[PDB]
């Protein structure tokens, strides 16, 4: 709460969106933190595990797999609210490729993650965005020694909710995951409907479990993923009457996974949404 009140930070944000200063400061923020090594992601055996050749995890915050081939394009992203004894944990990752679905489910299993948030359709205007790593009901899939079954599938206008049963085939052990797929948010763009987006972020927040990471991905794992992380962080701050500086939220994300929030229009969108949530909270 140190630099301003919440009220003051919102007046600053509103004034700066109108004047242009908020986007000028965004444009000057580094997209990749200089000084953080990126080496494992570039190793010859890992190149085909990256959906986009230059969207890569930092060494220090990459998610490790157990075994001989430890690599997945995934990053730990933890958002602190220090004035509240609160850290919101995420794993930010890409949409799996046909041959990385086994590693994707390995992360879910190893960490017993109960919530996956997918922010892309499988394809867009003829371009592949994500491999379908879950079965249609009532098919089954096997990925890397995990048997996957869809127990329910409930569509809404903006998103699909699926309950997935993950079974370790070698031991019979079972784990249930809630899978949320937001289908109304195009790549490098903003949500088709701002109200649907905010309801969805609410819903995600309601499913978060204490001290367990939420796995979030789009196609590359940085743009729409970064907007969601920024929004959830801001909602936590406004409810606690703590000041919100979106530029610092984005910087804190980018120190953990490069390039989060890809476009200036995405940033403008999330800043406007933050002002809306704030104003609604005053009511």
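Positions refer to the first chain, counted from 1.
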Report task. Return whichever of 203-211 and 180-188 has the greater mean Cα B factor according to the PDB record. Result -> 203-211
Query - Mean C-alpha B-factor comparison - 124-132 and 137-145, higher one - result: 137-145
Query raised in the report: From 45, 60, 50, 233, which pick has the Cα B-factor that tops the rest in the entry?
Result: 45
Query raised in the report: Among the modelled residues of its chain, does the C-alpha B-factor of residue 81 lie in the lowest, middle or highest third?
Result: highest
Query raised in the report: Sorting the chain's CA B-factors, does residue 265 end up in the lowest, middle or highest third?
Result: middle
Requested in this report: Pull the Cα B-factor of residue 229 out of the PDB entry and bin it into the chain's lowest, middle or highest third.
Outcome: lowest
Query raised in the report: In terms of the CA temperature factor given in the entry, to which third of its chain does residue 238 belong: lowest, middle or highest?
Result: middle
Query - Within-chain third of residue 255 by Cα B-factor, per the entry - result: lowest
